[PDB]
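**Q** Structure file final_17.txt, compact mmCIF, N, CA and C atoms, is pasted below:
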# COMPACT_ATOMS: atom_id res chain seq x y z
N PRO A 2 -101.00 -26.62 -93.03
CA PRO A 2 -102.14 -27.47 -93.39
C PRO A 2 -102.61 -28.21 -92.14
N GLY A 3 -103.93 -28.40 -92.02
CA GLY A 3 -104.49 -29.07 -90.86
C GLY A 3 -104.28 -30.58 -90.93
N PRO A 4 -104.50 -31.29 -89.82
CA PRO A 4 -104.34 -32.74 -89.79
C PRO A 4 -105.44 -33.43 -90.58
N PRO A 5 -105.21 -34.67 -91.05
CA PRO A 5 -106.24 -35.42 -91.74
C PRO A 5 -107.45 -35.64 -90.85
N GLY A 6 -108.61 -35.77 -91.49
CA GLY A 6 -109.82 -36.09 -90.78
C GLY A 6 -109.77 -37.50 -90.21
N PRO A 7 -110.76 -37.85 -89.38
CA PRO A 7 -110.81 -39.17 -88.79
C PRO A 7 -111.29 -40.20 -89.79
N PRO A 8 -111.12 -41.50 -89.49
CA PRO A 8 -111.66 -42.54 -90.35
C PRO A 8 -113.16 -42.36 -90.55
N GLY A 9 -113.63 -42.77 -91.72
CA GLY A 9 -115.03 -42.66 -92.05
C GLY A 9 -115.89 -43.71 -91.35
N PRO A 10 -117.20 -43.70 -91.64
CA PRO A 10 -118.11 -44.71 -91.13
C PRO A 10 -117.78 -46.11 -91.63
N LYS A 11 -118.18 -47.12 -90.86
CA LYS A 11 -118.10 -48.51 -91.27
C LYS A 11 -118.91 -48.72 -92.55
N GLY A 12 -118.42 -49.62 -93.40
CA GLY A 12 -119.10 -49.95 -94.64
C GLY A 12 -120.36 -50.79 -94.42
N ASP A 13 -121.04 -51.04 -95.53
CA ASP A 13 -122.25 -51.84 -95.57
C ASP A 13 -121.95 -53.31 -95.28
N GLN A 14 -122.92 -54.01 -94.71
CA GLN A 14 -122.79 -55.44 -94.50
C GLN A 14 -122.73 -56.13 -95.86
N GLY A 15 -121.99 -57.23 -95.92
CA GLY A 15 -121.91 -58.05 -97.11
C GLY A 15 -123.26 -58.66 -97.47
N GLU A 16 -123.36 -59.13 -98.71
CA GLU A 16 -124.53 -59.84 -99.17
C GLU A 16 -124.62 -61.20 -98.49
N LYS A 17 -125.83 -61.73 -98.48
CA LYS A 17 -126.10 -63.02 -97.87
C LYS A 17 -125.33 -64.09 -98.62
N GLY A 18 -124.94 -65.13 -97.89
CA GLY A 18 -124.19 -66.23 -98.46
C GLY A 18 -125.03 -67.07 -99.41
N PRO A 19 -124.36 -67.92 -100.21
CA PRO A 19 -125.05 -68.81 -101.13
C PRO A 19 -125.77 -69.93 -100.42
N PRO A 20 -126.68 -70.65 -101.10
CA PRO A 20 -127.36 -71.80 -100.51
C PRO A 20 -126.36 -72.85 -100.08
N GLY A 21 -126.74 -73.62 -99.06
CA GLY A 21 -125.88 -74.66 -98.53
C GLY A 21 -125.78 -75.86 -99.46
N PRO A 22 -124.98 -76.86 -99.06
CA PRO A 22 -124.89 -78.11 -99.79
C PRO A 22 -126.22 -78.87 -99.80
N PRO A 23 -126.43 -79.76 -100.78
CA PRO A 23 -127.61 -80.60 -100.80
C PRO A 23 -127.65 -81.45 -99.54
N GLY A 24 -128.86 -81.80 -99.13
CA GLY A 24 -129.04 -82.67 -97.99
C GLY A 24 -128.59 -84.09 -98.29
N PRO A 25 -128.56 -84.96 -97.27
CA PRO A 25 -128.24 -86.37 -97.48
C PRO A 25 -129.33 -87.08 -98.28
N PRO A 26 -129.02 -88.20 -98.95
CA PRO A 26 -130.03 -88.93 -99.72
C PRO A 26 -131.17 -89.43 -98.85
N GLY A 27 -132.33 -89.64 -99.49
CA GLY A 27 -133.50 -90.18 -98.83
C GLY A 27 -133.29 -91.58 -98.29
N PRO B 2 -106.87 -26.50 -93.21
CA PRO B 2 -107.34 -27.22 -94.42
C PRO B 2 -106.86 -28.67 -94.50
N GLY B 3 -107.37 -29.52 -93.60
CA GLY B 3 -106.93 -30.91 -93.56
C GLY B 3 -107.54 -31.76 -94.66
N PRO B 4 -106.84 -32.82 -95.11
CA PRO B 4 -107.41 -33.77 -96.06
C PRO B 4 -108.46 -34.67 -95.41
N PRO B 5 -109.27 -35.40 -96.20
CA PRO B 5 -110.24 -36.32 -95.62
C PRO B 5 -109.54 -37.46 -94.90
N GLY B 6 -110.22 -38.02 -93.91
CA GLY B 6 -109.64 -39.08 -93.10
C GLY B 6 -109.47 -40.35 -93.88
N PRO B 7 -108.83 -41.37 -93.28
CA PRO B 7 -108.71 -42.66 -93.94
C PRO B 7 -110.09 -43.28 -94.13
N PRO B 8 -110.24 -44.20 -95.10
CA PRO B 8 -111.53 -44.84 -95.33
C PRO B 8 -112.01 -45.49 -94.05
N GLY B 9 -113.34 -45.53 -93.89
CA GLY B 9 -113.93 -46.21 -92.76
C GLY B 9 -113.59 -47.70 -92.75
N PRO B 10 -113.84 -48.38 -91.62
CA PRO B 10 -113.63 -49.81 -91.53
C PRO B 10 -114.53 -50.59 -92.48
N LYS B 11 -114.06 -51.77 -92.90
CA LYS B 11 -114.84 -52.64 -93.76
C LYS B 11 -116.08 -53.09 -93.01
N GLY B 12 -117.18 -53.26 -93.75
CA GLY B 12 -118.43 -53.69 -93.17
C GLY B 12 -118.39 -55.13 -92.67
N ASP B 13 -119.46 -55.50 -91.96
CA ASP B 13 -119.61 -56.84 -91.41
C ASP B 13 -119.73 -57.87 -92.52
N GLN B 14 -119.30 -59.10 -92.25
CA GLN B 14 -119.52 -60.17 -93.22
C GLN B 14 -121.02 -60.41 -93.31
N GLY B 15 -121.48 -60.78 -94.50
CA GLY B 15 -122.88 -61.06 -94.72
C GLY B 15 -123.37 -62.24 -93.88
N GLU B 16 -124.70 -62.36 -93.80
CA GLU B 16 -125.29 -63.44 -93.04
C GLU B 16 -125.13 -64.75 -93.79
N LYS B 17 -125.18 -65.84 -93.02
CA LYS B 17 -125.00 -67.15 -93.59
C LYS B 17 -126.14 -67.41 -94.56
N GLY B 18 -125.83 -68.18 -95.61
CA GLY B 18 -126.81 -68.48 -96.64
C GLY B 18 -127.92 -69.38 -96.13
N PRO B 19 -128.98 -69.55 -96.93
CA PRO B 19 -130.10 -70.40 -96.55
C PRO B 19 -129.73 -71.88 -96.64
N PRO B 20 -130.54 -72.79 -96.08
CA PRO B 20 -130.32 -74.22 -96.24
C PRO B 20 -130.26 -74.61 -97.71
N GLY B 21 -129.50 -75.67 -97.98
CA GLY B 21 -129.32 -76.13 -99.33
C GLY B 21 -130.53 -76.90 -99.83
N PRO B 22 -130.45 -77.41 -101.07
CA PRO B 22 -131.54 -78.19 -101.65
C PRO B 22 -131.76 -79.50 -100.91
N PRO B 23 -132.98 -80.07 -100.97
CA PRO B 23 -133.23 -81.38 -100.39
C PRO B 23 -132.32 -82.40 -101.06
N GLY B 24 -131.96 -83.43 -100.31
CA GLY B 24 -131.15 -84.51 -100.84
C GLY B 24 -131.93 -85.32 -101.86
N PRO B 25 -131.25 -86.19 -102.62
CA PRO B 25 -131.93 -87.02 -103.61
C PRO B 25 -132.93 -87.99 -102.97
N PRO B 26 -134.06 -88.30 -103.63
CA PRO B 26 -134.98 -89.32 -103.11
C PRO B 26 -134.29 -90.67 -103.04
N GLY B 27 -134.73 -91.51 -102.10
CA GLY B 27 -134.15 -92.83 -101.89
C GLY B 27 -135.03 -93.94 -102.43
N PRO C 1 -107.04 -26.42 -89.40
CA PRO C 1 -108.28 -27.13 -89.07
C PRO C 1 -108.17 -28.58 -89.49
N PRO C 2 -108.60 -29.56 -88.66
CA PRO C 2 -108.61 -30.95 -89.08
C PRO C 2 -109.53 -31.16 -90.27
N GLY C 3 -109.25 -32.21 -91.04
CA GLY C 3 -110.08 -32.53 -92.18
C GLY C 3 -111.40 -33.16 -91.75
N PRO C 4 -112.32 -33.34 -92.70
CA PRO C 4 -113.60 -33.97 -92.42
C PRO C 4 -113.44 -35.47 -92.27
N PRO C 5 -114.47 -36.18 -91.77
CA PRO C 5 -114.44 -37.63 -91.74
C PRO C 5 -114.27 -38.19 -93.14
N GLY C 6 -113.62 -39.35 -93.21
CA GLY C 6 -113.50 -40.04 -94.47
C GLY C 6 -114.86 -40.52 -94.97
N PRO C 7 -114.90 -41.04 -96.20
CA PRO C 7 -116.12 -41.63 -96.73
C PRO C 7 -116.38 -42.99 -96.10
N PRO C 8 -117.58 -43.56 -96.33
CA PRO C 8 -117.90 -44.88 -95.79
C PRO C 8 -116.88 -45.91 -96.26
N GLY C 9 -116.64 -46.90 -95.41
CA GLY C 9 -115.67 -47.94 -95.70
C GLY C 9 -116.19 -48.97 -96.69
N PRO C 10 -115.33 -49.94 -97.05
CA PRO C 10 -115.70 -50.95 -98.04
C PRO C 10 -116.79 -51.88 -97.54
N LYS C 11 -117.54 -52.45 -98.47
CA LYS C 11 -118.58 -53.41 -98.15
C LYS C 11 -117.94 -54.65 -97.56
N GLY C 12 -118.65 -55.29 -96.64
CA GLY C 12 -118.24 -56.57 -96.08
C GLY C 12 -118.23 -57.69 -97.12
N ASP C 13 -117.53 -58.77 -96.80
CA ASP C 13 -117.52 -59.95 -97.65
C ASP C 13 -118.88 -60.62 -97.63
N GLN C 14 -119.17 -61.38 -98.69
CA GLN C 14 -120.36 -62.20 -98.74
C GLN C 14 -120.35 -63.20 -97.59
N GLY C 15 -121.55 -63.50 -97.09
CA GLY C 15 -121.70 -64.48 -96.03
C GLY C 15 -121.28 -65.87 -96.48
N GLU C 16 -121.08 -66.75 -95.50
CA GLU C 16 -120.67 -68.10 -95.81
C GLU C 16 -121.85 -68.88 -96.38
N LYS C 17 -121.52 -69.96 -97.09
CA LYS C 17 -122.50 -70.87 -97.64
C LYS C 17 -123.41 -71.37 -96.52
N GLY C 18 -124.66 -71.64 -96.90
CA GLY C 18 -125.66 -72.03 -95.93
C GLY C 18 -125.43 -73.42 -95.36
N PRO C 19 -126.25 -73.82 -94.37
CA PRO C 19 -126.19 -75.17 -93.83
C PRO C 19 -126.73 -76.18 -94.83
N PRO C 20 -126.40 -77.48 -94.65
CA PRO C 20 -126.87 -78.51 -95.57
C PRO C 20 -128.39 -78.53 -95.61
N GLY C 21 -128.91 -78.97 -96.76
CA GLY C 21 -130.34 -79.09 -96.94
C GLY C 21 -130.90 -80.28 -96.17
N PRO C 22 -132.23 -80.43 -96.17
CA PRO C 22 -132.87 -81.52 -95.44
C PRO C 22 -132.56 -82.87 -96.07
N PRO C 23 -132.71 -83.99 -95.34
CA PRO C 23 -132.64 -85.31 -95.95
C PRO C 23 -133.69 -85.42 -97.04
N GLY C 24 -133.37 -86.21 -98.06
CA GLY C 24 -134.29 -86.43 -99.15
C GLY C 24 -135.50 -87.25 -98.70
N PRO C 25 -136.54 -87.36 -99.55
CA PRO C 25 -137.76 -88.07 -99.17
C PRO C 25 -137.75 -89.60 -99.35
Could I get this structure in the form of structure tokens?
**A**
Amino acid sequence: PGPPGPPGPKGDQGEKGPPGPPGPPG
Amino acid sequence: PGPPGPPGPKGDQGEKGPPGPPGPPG
Amino acid sequence: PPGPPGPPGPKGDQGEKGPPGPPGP
């Protein structure tokens, strides 16, 4: 049997992060 | 007849999220 | 014969939470 193939391509980038914390009070 | 290679590397972390909500009115 | 390339890797983690919002009005 032949050797295993090489590692595959890199995966997709993750989804964008959630909105940040609320700003400071007025 | 080699098997498929190991899975590719994990993708990049997603981009930082957008700015948060405005702070409370003062 | 060597095997073919593996399939695409796992998706990346979600990005970090965003920066703080603007000061209030």
**Q** So how many Å separate atom CA of residue 14 of chain C and atom CA of residue 25 of chain B, to one decimal?
**A**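 Separation of atom CA of residue 14 of chain C and atom CA of residue 25 of chain B: 27.8 Å.
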**Q** Set the distance at 6 Å and use all atoms listed in the file: which residues neighbour segment 9-23 of chain A once local chain neighbours fewer than 3 positions away are removed? I'd like the list as number ranges by chain.
**A** B: 6-24; C: 5-22
**Q** If you fit chain A onto chain B using every C-alpha atom, paired in order, what RMSD in Å do you get?
**A** 0.7 Å
**Q** So how many Å separate atom N of residue 2 of chain C and atom C of residue 5 of chain B, to one decimal?
**A**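 Value for the atom N of residue 2 of chain C-atom C of residue 5 of chain B distance: 10.1 Å.
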**Q** Could you complete segment 4-27 of chain B so that it carries N, CA, C and O atoms, and give it back as a PDB file, in the frame of the given file?
**A**
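Saved the output as selection-v7.pdb:
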ATOM      1  N   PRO B   4    -106.840 -32.820 -95.110  1.00  0.00           N
ATOM      2  CA  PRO B   4    -107.410 -33.770 -96.060  1.00  0.00           C
ATOM      3  C   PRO B   4    -108.460 -34.670 -95.410  1.00  0.00           C
ATOM      4  O   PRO B   4    -108.611 -34.660 -94.196  1.00  0.00           O
ATOM      5  N   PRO B   5    -109.270 -35.400 -96.200  1.00  0.00           N
ATOM      6  CA  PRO B   5    -110.240 -36.320 -95.620  1.00  0.00           C
ATOM      7  C   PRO B   5    -109.540 -37.460 -94.900  1.00  0.00           C
ATOM      8  O   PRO B   5    -108.416 -37.821 -95.235  1.00  0.00           O
ATOM      9  N   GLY B   6    -110.220 -38.020 -93.910  1.00  0.00           N
ATOM     10  CA  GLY B   6    -109.640 -39.080 -93.100  1.00  0.00           C
ATOM     11  C   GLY B   6    -109.470 -40.350 -93.880  1.00  0.00           C
ATOM     12  O   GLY B   6    -109.966 -40.482 -94.994  1.00  0.00           O
ATOM     13  N   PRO B   7    -108.830 -41.370 -93.280  1.00  0.00           N
ATOM     14  CA  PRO B   7    -108.710 -42.660 -93.940  1.00  0.00           C
ATOM     15  C   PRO B   7    -110.090 -43.280 -94.130  1.00  0.00           C
ATOM     16  O   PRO B   7    -111.044 -42.907 -93.448  1.00  0.00           O
ATOM     17  N   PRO B   8    -110.240 -44.200 -95.100  1.00  0.00           N
ATOM     18  CA  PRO B   8    -111.530 -44.840 -95.330  1.00  0.00           C
ATOM     19  C   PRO B   8    -112.010 -45.490 -94.050  1.00  0.00           C
ATOM     20  O   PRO B   8    -111.211 -45.944 -93.227  1.00  0.00           O
ATOM     21  N   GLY B   9    -113.340 -45.530 -93.890  1.00  0.00           N
ATOM     22  CA  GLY B   9    -113.930 -46.210 -92.760  1.00  0.00           C
ATOM     23  C   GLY B   9    -113.590 -47.700 -92.750  1.00  0.00           C
ATOM     24  O   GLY B   9    -113.115 -48.243 -93.752  1.00  0.00           O
ATOM     25  N   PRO B  10    -113.840 -48.380 -91.620  1.00  0.00           N
ATOM     26  CA  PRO B  10    -113.630 -49.810 -91.530  1.00  0.00           C
ATOM     27  C   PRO B  10    -114.530 -50.590 -92.480  1.00  0.00           C
ATOM     28  O   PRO B  10    -115.629 -50.146 -92.816  1.00  0.00           O
ATOM     29  N   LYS B  11    -114.060 -51.770 -92.900  1.00  0.00           N
ATOM     30  CA  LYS B  11    -114.840 -52.640 -93.760  1.00  0.00           C
ATOM     31  C   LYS B  11    -116.080 -53.090 -93.010  1.00  0.00           C
ATOM     32  O   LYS B  11    -116.043 -53.275 -91.792  1.00  0.00           O
ATOM     33  N   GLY B  12    -117.180 -53.260 -93.750  1.00  0.00           N
ATOM     34  CA  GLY B  12    -118.430 -53.690 -93.170  1.00  0.00           C
ATOM     35  C   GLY B  12    -118.390 -55.130 -92.670  1.00  0.00           C
ATOM     36  O   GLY B  12    -117.447 -55.872 -92.958  1.00  0.00           O
ATOM     37  N   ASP B  13    -119.460 -55.500 -91.960  1.00  0.00           N
ATOM     38  CA  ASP B  13    -119.610 -56.840 -91.410  1.00  0.00           C
ATOM     39  C   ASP B  13    -119.730 -57.870 -92.520  1.00  0.00           C
ATOM     40  O   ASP B  13    -120.263 -57.553 -93.593  1.00  0.00           O
ATOM     41  N   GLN B  14    -119.300 -59.100 -92.250  1.00  0.00           N
ATOM     42  CA  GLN B  14    -119.520 -60.170 -93.220  1.00  0.00           C
ATOM     43  C   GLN B  14    -121.020 -60.410 -93.310  1.00  0.00           C
ATOM     44  O   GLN B  14    -121.732 -60.252 -92.317  1.00  0.00           O
ATOM     45  N   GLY B  15    -121.480 -60.780 -94.500  1.00  0.00           N
ATOM     46  CA  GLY B  15    -122.880 -61.060 -94.720  1.00  0.00           C
ATOM     47  C   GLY B  15    -123.370 -62.240 -93.880  1.00  0.00           C
ATOM     48  O   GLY B  15    -122.559 -63.011 -93.335  1.00  0.00           O
ATOM     49  N   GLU B  16    -124.700 -62.360 -93.800  1.00  0.00           N
ATOM     50  CA  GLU B  16    -125.290 -63.440 -93.040  1.00  0.00           C
ATOM     51  C   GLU B  16    -125.130 -64.750 -93.790  1.00  0.00           C
ATOM     52  O   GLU B  16    -124.953 -64.766 -95.015  1.00  0.00           O
ATOM     53  N   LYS B  17    -125.180 -65.840 -93.020  1.00  0.00           N
ATOM     54  CA  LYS B  17    -125.000 -67.150 -93.590  1.00  0.00           C
ATOM     55  C   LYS B  17    -126.140 -67.410 -94.560  1.00  0.00           C
ATOM     56  O   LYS B  17    -127.246 -66.916 -94.385  1.00  0.00           O
ATOM     57  N   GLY B  18    -125.830 -68.180 -95.610  1.00  0.00           N
ATOM     58  CA  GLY B  18    -126.810 -68.480 -96.640  1.00  0.00           C
ATOM     59  C   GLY B  18    -127.920 -69.380 -96.130  1.00  0.00           C
ATOM     60  O   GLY B  18    -127.849 -69.937 -95.028  1.00  0.00           O
ATOM     61  N   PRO B  19    -128.980 -69.550 -96.930  1.00  0.00           N
ATOM     62  CA  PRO B  19    -130.100 -70.400 -96.550  1.00  0.00           C
ATOM     63  C   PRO B  19    -129.730 -71.880 -96.640  1.00  0.00           C
ATOM     64  O   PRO B  19    -128.712 -72.209 -97.254  1.00  0.00           O
ATOM     65  N   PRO B  20    -130.540 -72.790 -96.080  1.00  0.00           N
ATOM     66  CA  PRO B  20    -130.320 -74.220 -96.240  1.00  0.00           C
ATOM     67  C   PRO B  20    -130.260 -74.610 -97.710  1.00  0.00           C
ATOM     68  O   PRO B  20    -130.879 -73.964 -98.555  1.00  0.00           O
ATOM     69  N   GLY B  21    -129.500 -75.670 -97.980  1.00  0.00           N
ATOM     70  CA  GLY B  21    -129.320 -76.130 -99.330  1.00  0.00           C
ATOM     71  C   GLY B  21    -130.530 -76.900 -99.830  1.00  0.00           C
ATOM     72  O   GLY B  21    -131.536 -77.053 -99.108  1.00  0.00           O
ATOM     73  N   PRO B  22    -130.450 -77.410-101.070  1.00  0.00           N
ATOM     74  CA  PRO B  22    -131.540 -78.190-101.650  1.00  0.00           C
ATOM     75  C   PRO B  22    -131.760 -79.500-100.910  1.00  0.00           C
ATOM     76  O   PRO B  22    -130.867 -80.009-100.250  1.00  0.00           O
ATOM     77  N   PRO B  23    -132.980 -80.070-100.970  1.00  0.00           N
ATOM     78  CA  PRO B  23    -133.230 -81.380-100.390  1.00  0.00           C
ATOM     79  C   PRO B  23    -132.320 -82.400-101.060  1.00  0.00           C
ATOM     80  O   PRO B  23    -131.963 -82.233-102.225  1.00  0.00           O
ATOM     81  N   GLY B  24    -131.960 -83.430-100.310  1.00  0.00           N
ATOM     82  CA  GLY B  24    -131.150 -84.510-100.840  1.00  0.00           C
ATOM     83  C   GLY B  24    -131.930 -85.320-101.860  1.00  0.00           C
ATOM     84  O   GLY B  24    -133.149 -85.194-101.979  1.00  0.00           O
ATOM     85  N   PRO B  25    -131.250 -86.190-102.620  1.00  0.00           N
ATOM     86  CA  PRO B  25    -131.930 -87.020-103.610  1.00  0.00           C
ATOM     87  C   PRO B  25    -132.930 -87.990-102.970  1.00  0.00           C
ATOM     88  O   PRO B  25    -132.725 -88.423-101.842  1.00  0.00           O
ATOM     89  N   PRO B  26    -134.060 -88.300-103.630  1.00  0.00           N
ATOM     90  CA  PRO B  26    -134.980 -89.320-103.110  1.00  0.00           C
ATOM     91  C   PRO B  26    -134.290 -90.670-103.040  1.00  0.00           C
ATOM     92  O   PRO B  26    -133.380 -90.934-103.825  1.00  0.00           O
ATOM     93  N   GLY B  27    -134.730 -91.510-102.100  1.00  0.00           N
ATOM     94  CA  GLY B  27    -134.150 -92.830-101.890  1.00  0.00           C
ATOM     95  C   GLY B  27    -135.030 -93.940-102.430  1.00  0.00           C
ATOM     96  O   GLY B  27    -135.004 -95.028-101.816  1.00  0.00           O
TER      97      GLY B  27
END
